[PDB]
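All remarks here apply to the structure that follows.
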Amino acid sequence: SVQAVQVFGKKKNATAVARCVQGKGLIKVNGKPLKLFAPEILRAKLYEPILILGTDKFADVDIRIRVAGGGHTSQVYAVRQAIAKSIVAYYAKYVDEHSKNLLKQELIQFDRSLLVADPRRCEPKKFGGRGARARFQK
Amino acid sequence: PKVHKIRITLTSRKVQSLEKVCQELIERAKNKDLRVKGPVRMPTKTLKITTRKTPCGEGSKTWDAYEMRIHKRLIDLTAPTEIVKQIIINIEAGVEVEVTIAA
Amino acid sequence: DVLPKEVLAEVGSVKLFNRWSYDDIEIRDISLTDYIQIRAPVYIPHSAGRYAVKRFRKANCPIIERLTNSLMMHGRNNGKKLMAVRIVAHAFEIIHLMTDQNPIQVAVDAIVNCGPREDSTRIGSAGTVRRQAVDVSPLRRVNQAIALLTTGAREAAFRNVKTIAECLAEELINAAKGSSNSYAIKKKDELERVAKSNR
Amino acid sequence: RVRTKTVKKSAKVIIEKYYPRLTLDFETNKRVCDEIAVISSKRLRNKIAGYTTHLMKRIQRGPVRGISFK
Amino acid sequence: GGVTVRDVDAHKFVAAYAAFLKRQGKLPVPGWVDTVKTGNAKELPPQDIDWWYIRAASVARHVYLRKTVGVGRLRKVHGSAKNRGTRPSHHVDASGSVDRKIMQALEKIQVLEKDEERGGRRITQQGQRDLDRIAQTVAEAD
Amino acid sequence: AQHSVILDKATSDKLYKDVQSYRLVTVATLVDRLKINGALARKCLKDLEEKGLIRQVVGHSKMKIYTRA
Amino acid sequence: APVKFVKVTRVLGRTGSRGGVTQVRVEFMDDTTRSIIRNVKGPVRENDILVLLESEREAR
RNA sequence: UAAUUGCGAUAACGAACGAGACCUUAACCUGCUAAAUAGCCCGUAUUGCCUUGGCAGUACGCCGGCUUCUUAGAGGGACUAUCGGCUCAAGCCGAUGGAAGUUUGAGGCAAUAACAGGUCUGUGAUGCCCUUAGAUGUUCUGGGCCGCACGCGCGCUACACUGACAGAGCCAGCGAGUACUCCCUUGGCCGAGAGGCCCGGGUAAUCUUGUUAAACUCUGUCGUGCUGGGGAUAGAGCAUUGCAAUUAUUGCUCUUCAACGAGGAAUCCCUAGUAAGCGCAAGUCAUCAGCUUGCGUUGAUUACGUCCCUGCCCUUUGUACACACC
């Protein structure tokens, strides 16, 4: 029947839920297209996965994404990692993962952060951060 | 015998005591072949109070943080009117319960 | 039409930062290879790497990120590499437009020339200098060069109508040869001279 | 990054008293301890099993001073 | 193909729509102009003489992209920081009468309608169609 | 410590003499080498652009850079 | 001056009043039968390559 | 080795506190139990454009299907796993795999024994002394703790182009909230601004709140000049909190435009989502944050060390001290 797979991507506080669906080759996030949604200097790193792999491998697949929480730079990394999971999981489950295996191998040899998340947060000390106050007298 | 789609809520400080109460309540009801919608568990709210330890003020300045936690875990049901009185018996101590007919 | 139509030529070419391919890097000398890494290229330096976690994990890193990080300092410029990455890429265009050579060639050959080989360490002599003029490692060379280079650009541009982009641009092109009008090379040359004295 | 006497003495007695019943495999070792011992924490339980697998790995090539068994 | 408002550059759309709306030339001006401070946090009036018309595009667009909007929420959307001197800065919201009356006028020209159902004001069918036309023109011109 | 806000004849003919021979042109270079104000430099920039003698590389709210035609 | 290139083969220990200097054994990489020991300031790994201007100090 | 944490040599053998274990919290689970006070798919009605069949939105479903994302319970998972060179061994380092390989990250509790350390201004904990009816008991009016030639400590704003100014694009987390009281406040209306009036929601994953925060990004003005960087000092006027604002509570409106160009001798804090920048919530609170306790955003240079300086503990050593160099 209908073909669709669901994957998510995470950052510090940037959660991006995405459904990768059988389509005809269009990709856009939050409904609005990809053409703009980034700071203008960083938009190349949006193109990372599609550019290295070739657009021909995005022939007939549709994707819709929703992202919220965090900050600007956090969100952009979140959504690109969702792209990788979307394409790899749909192909693995519905076509031969042999192509996936070259895809996955080639994709992570360039950069591993495409499929794995980076865990990093903060912690409450009693000094104003990790540095104490100025000594009253010494 | 007109149903009213009641909802029953619970409150407690403990967690393991309340949780086992929730399972036994659902199974005590289910044994007489009644339909039940499962255990909707409300989020746990955490409230803190920070105070200084020393009572006067000399020496270094050090704090401590006490905490308390609360759980809700309310339940709903579709049932006739007065079967509730027979079934809600045999509750623990401390645990509070409020019933909402939601008519 | 998912991707922008104009930027299409690159796909049929090896990976590059649009305007410049990293292919055909300098052949000038040795002893700084294995410590400048370009063999795995990147488009933009904004990669959140965990280089700090270990000793030499920060040795395996494209030099392009190093320059961007070094530029942001002095309180106001803390964590705002976006201006830094802006300036470096834009400054590359200036020197490319001012000289037919590849800007990566401009940055690489400059940094390999502006590093000292011997220095002096302050061992206790009871107020005096037993400075034996010790040697320097290749890794520290690039570390001190980048740091002192970027400081030269900001101090010059400070309180001037000129901007850092062309100031940094002029700094690299003067350091190509012994111009002596560059912050880096002037302070670089004295270091061996005082070191050569206590040799 | 160094073990203490509690784990080592627990490791020492188990190998000396139940030598045939376990082998170099780390998960088979992991399970046997929880049946034959009385531990109250999963991390301590895991640590004892880890050392015994290290301990048995070295016994196979030459006898060791500490161990003595029938 | 078919396009909509969400398929055009943000700052292009506001400039393109500002030019078209002024050429039509039908909206009230309560005279508040030339005497407004743009908000309790700002110091000088905007430079561009035709700033007031430009603003119209920005507010119309978001009401299309949001479930409901009211006068008070624009205050806290439009606000910014205030240099109180040597003390640290805070966040303060913009002027209320300015935003109020400008959108009063806007809705009198058949772009949106009141929502006594729940509150606020939502755009109306004819207003929605209008924005699409100007956005569509930009695409081919590109 | 003042730069002439208005362009005189002497600067004009020097301008149209050398600006077809420079390798790069910027706001800084004009205020430095030609002893002209920055405001007029941006005005001169746009006027000489439309007459078609310098070519644009990138445009931005902070720096404009142009080379020969 | 005839500058020579050397390669590190064995690290020995960090001397110095505060541990900034390090003793290293180096190889001439052109006359394999020769080997000497020198001092370096910054971080040093194995199989690294160094450039040597003067080859006649040989501190302790 | 972070550790009297361990290996070993040994007239010692086997043990007990402390450390470790322990508990809270942050990271993984397409596997279990789930959820209209959380979501997605699906189905109806419906809006706009291309028209095509779709795309982008609105309202409903409460036995339509599901729990990937959000949220909490039971569990599992890392133990240094496999390796390559040192080495008696305990270990250390380095590569691979993996969400995670500094004790995985951060905290809580915390041994024997002391100090003339601090607190009688926390206590209806408490001895003695003192005062007691012209009260040192309690209560009302006004003032002061803030008064200023001058020395010192914790902080706030700046010395600008890596900037200032004007438009526009636009992304969080931790928390808090009304009964005999007056809390968080949406929407509509009046008001340049501060503020004002009228319906209403929420005792709360339901309403405030998606808290549209600040920083940040794009397009322009200004252009080396203490200038549009800077905002101390003062004049005039308009409101709000409160019984009461003078010694201005604070806010709003217009004007006034000081010193200050990176700071001598000295000296501090800090090793990765850390320093630093930037803001937000809570505490005191009718109003007043430049303060503290917490939360998030952007996000680096340098090291993986030593006993040279400044502290501390263990051994050897000396003593006419033992209330112990006061």
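Give the residue that is surrounded by the fewest Cβ atoms within 10 Å (Cβ to Cβ), with candidates limited to residues of region F:18-32 that are within 12 Å of chain C (Cβ to nearest Cβ) and out of contact with any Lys or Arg (no Cβ under 8 Å at 6 or more places or on another chain). It would help to see each step written out before you state the result.
At the first step, the residues of region F:18-32 found to be within 12 Å of chain C (Cβ to nearest Cβ) are F:22-32.
Filter again for out of contact with any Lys or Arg (no Cβ under 8 Å at 6 or more places or on another chain), leaving F:24-25, F:29-31.
On the way: F:24: 18, F:25: 19, F:29: 14, F:30: 22, F:31: 18.
Filtering region F:18-32 for residues that are within 12 Å of chain C (Cβ to nearest Cβ) and out of contact with any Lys or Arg (no Cβ under 8 Å at 6 or more places or on another chain), the one surrounded by the fewest Cβ atoms within 10 Å (Cβ to Cβ) comes out as F:29.
Only residues that are without any contact (Cβ under 8 Å) to a residue 40 or more places away in the chain and either more than 7 Å from RNA strand H (Cβ to nearest atom) or surrounded by 10 or more Cβ atoms within 10 Å (Cβ to Cβ) (or both) were counted across region B:64-79, and they come to 3.
Hey, can you tell me all the residues within region D:27-52 that are near RNA strand H (Cβ under 6 Å from one of its atoms) and touching a residue at least 24 places away in the same chain (Cβ under 8 Å)?
Filtering region D:27-52 down to residues near RNA strand H (Cβ under 6 Å from one of its atoms) leaves D:41-44, D:46-47, D:50.
The answer is D:44, D:47, D:50.
Among the conditions (1) surrounded by fewer than 15 Cβ atoms within 10 Å (Cβ to Cβ); (2) in contact with a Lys or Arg (Cβ under 7 Å, 6 or more places away or on another chain), residue D:32 misses just one, which is (1). When B:98, B:82, B:58 are checked against the criterion of being more than 14 Å from the chain's Cα centre (by Cα), among the acidic types (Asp, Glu) and within 14 Å of RNA strand H (Cβ to nearest atom), B:58 stands alone in meeting it.
Across region G:11-35, the qualifying residues are those that are more than 12 Å from chain C (Cβ to nearest Cβ) and free of Cβ contacts under 8 Å to residues at least 24 places away in the same chain, and the one among them that is farthest from residue C:142 (Cα to Cα) is G:33. Taking residue C:49 as the residue in question, decide whether it is within 10 Å of RNA strand H (Cβ to nearest atom), away from chain A (no Cβ under 14 Å) and part of a loop (DSSP other than H, G, I, E, B). Taking the combined requirement at face value, the residue does not satisfy it.
In this structure, does residue E:133 turn out to be under 16 Å from residue E:14 (Cβ atoms), over 15 Å from the mean Cα position of the chain (by Cα), of a type in the set (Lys, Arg) and assigned to a helix (DSSP H, G or I)? For residue E:133, the condition - under 16 Å from residue E:14 (Cβ atoms), over 15 Å from the mean Cα position of the chain (by Cα), of a type in the set (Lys, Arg) and assigned to a helix (DSSP H, G or I) - is met.
Considering region E:23-52, and only residues there that are more than 6 Å from RNA strand H (Cβ to nearest atom) and part of a helix (DSSP H, G or I), the residue that is nearest to residue E:83 (Cα to Cα) turns out to be E:52.
Among the candidates C:78, C:69, single out the residue that is within 8 Å of RNA strand H (Cβ to nearest atom), touching a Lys or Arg at 6+ places or on another chain (Cβ under 8 Å) and among the polar types (S, T, N, Q).
Details: C:78 fails: touching a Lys or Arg at 6+ places or on another chain (Cβ under 8 Å).
Checking each option against the conditions leaves just C:69.
Taking the condition of being assigned to a loop (DSSP other than H, G, I, E, B) and within 10 Å of RNA strand H (Cβ to nearest atom), how many residues in region D:1-24 meet it? Qualifying residue count for the region: 5.
Being within 14 Å of another protein chain (Cβ to nearest Cβ) and either more than 8 Å from RNA strand H (Cβ to nearest atom) or over 12 Å from the mean Cα position of the chain (by Cα) (or both) is true of residue E:6.
When residue B:37 is tested against the conditions (1) charged (D, E, K, R); (2) surrounded by 11 or more Cβ atoms within 10 Å (Cβ to Cβ); (3) more than 7 Å from RNA strand H (Cβ to nearest atom), the lone failure is (3). Scanning region C:142-172 for residues that are surrounded by fewer than 19 Cβ atoms within 10 Å (Cβ to Cβ) and among the β-branched types (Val, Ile, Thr) gives C:151, C:161, C:163.
Summed over region F:46-69, the residues that are without any contact (Cβ under 8 Å) to a residue 12 or more places away in the chain, part of a loop (DSSP other than H, G, I, E, B) and more than 10 Å from chain C (Cβ to nearest Cβ) give a count of 3.
When region D:53-70 is limited to residues that are surrounded by 13 or more Cβ atoms within 10 Å (Cβ to Cβ) and over 16 Å from residue D:9 (Cβ atoms), the one that is nearest to RNA strand H (Cβ to nearest atom) turns out to be D:53.
For region A:115-138, the candidate set comprises residues that are within 15 Å of the chain's Cα centre (by Cα) and near RNA strand H (Cβ under 7 Å from one of its atoms); within that set, the residue that is farthest from residue A:57 (Cα to Cα) is A:119.
I'd like to verify a number: residues in region B:1-58 that are among the small types (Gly, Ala, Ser) and closer than 18 Å to residue B:93 by Cβ, how many? Reasoning before the result, please.
Step one: of region B:1-58, the residues among the small types (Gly, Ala, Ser) are B:12, B:17, B:29, B:38, B:57.
Subsequent filtering for residues that are closer than 18 Å to residue B:93 by Cβ retains B:12, B:17.
Total meeting the criteria: 2.
Note on region C:90-179: enclosed helices (runs of 4 or more DSSP H) holding 2 or more residues that are touching a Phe, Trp or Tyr at 6+ places or on another chain (Cβ under 6 Å), within 12 Å of chain G (Cβ to nearest Cβ) and farther than 23 Å from residue C:19 by Cβ are C:138-157. Quick one: in region B:1-34, of everything that is part of a loop (DSSP other than H, G, I, E, B) and within 11 Å of RNA strand H (Cβ to nearest atom), which residue is nearest to the other protein chains (Cβ to nearest Cβ)? Selected residue: B:15.
Read-outs: derived from the displayed coordinates by stated rules, not from any lab. Heads up, the Cβs are rebuilt from the backbone with ideal geometry, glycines too, and the neighbour counts pull from every protein chain shown.
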